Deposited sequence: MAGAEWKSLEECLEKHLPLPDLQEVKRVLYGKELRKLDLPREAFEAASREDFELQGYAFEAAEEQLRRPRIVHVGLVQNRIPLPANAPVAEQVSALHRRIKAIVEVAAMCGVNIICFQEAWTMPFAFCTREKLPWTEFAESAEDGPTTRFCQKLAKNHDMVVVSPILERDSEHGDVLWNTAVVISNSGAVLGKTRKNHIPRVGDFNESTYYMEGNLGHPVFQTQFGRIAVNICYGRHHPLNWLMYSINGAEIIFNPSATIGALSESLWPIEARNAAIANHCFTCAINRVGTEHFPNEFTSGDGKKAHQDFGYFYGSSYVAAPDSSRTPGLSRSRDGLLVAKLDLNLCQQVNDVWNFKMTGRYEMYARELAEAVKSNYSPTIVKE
């Protein structure tokens, strides 16, 4: 499934309006209102070859607490250059491509943004080659990508979540799959490492780094607490539970998972985490296909990436997934007030006997 576009587009395209609405209410939860974005921004989306989608999660008004509306952006992009390209050229091209989408998002009120797992480099862990695929790794706190992202952080006052490949040089020049998060002031709020490594098939990610010892950090931004969940950490519900225990409100899931079986798990695990943790969850997956001069046994290509980035809400509602082929950006108008309103009504934490479950 590569040529086929997003599920929502096909369903809207074929079945009639009443049946379409019923299928929407069964699959995507509730028909949330589409975010009213500036028209010219949409024109820019048409010009820059990326799809723009805006949705707003509705919340129940609280007489004592005003809603803390936070606009959240999710960027899924392909590699504009082939994998067999110089590191500097690829990094610069990806920086420009990300910057254009950031410029389009900045004129829409977005406050937090996120990119796919290791957006600065093509996913080359399959080839099991240390050179030159480990040359993309640099120091997370001081790298060209980190400074470039800090440039975009302090001009558009948006929190940027940039997953990278941290080359931990102070402790023996070892690579780590770390996702740095910078505030709107461009000062590195933290760097979450990869807790879980997928040792399956093409995912030969164990031969490049080890499991992250950072644990489950939660980064506090001026808008709201945000966490980062790496690709393979998505599968384990305990990871999401631990992230939500520390108070994380918006959990992002930058991933670079291939199609097929993982495509079926994509609308399931993140939604279940959001439902069972009462915290907004975001799902990010890169689009396109990666080609390599060499072949790897689980071929020149690295399969197809279905993308389909979406954001789930604590009230079982989800944004429609983005297109599976074209790169794009999703703008979700989060209302964190509903996060704890549903948490109180559905006391899954309390009715969940932590003493009876965590102990055994």
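Missing C-alpha coordinates mark the following deposited-sequence intervals, in order: 1 to 2, 301 to 306, 369 to 384.
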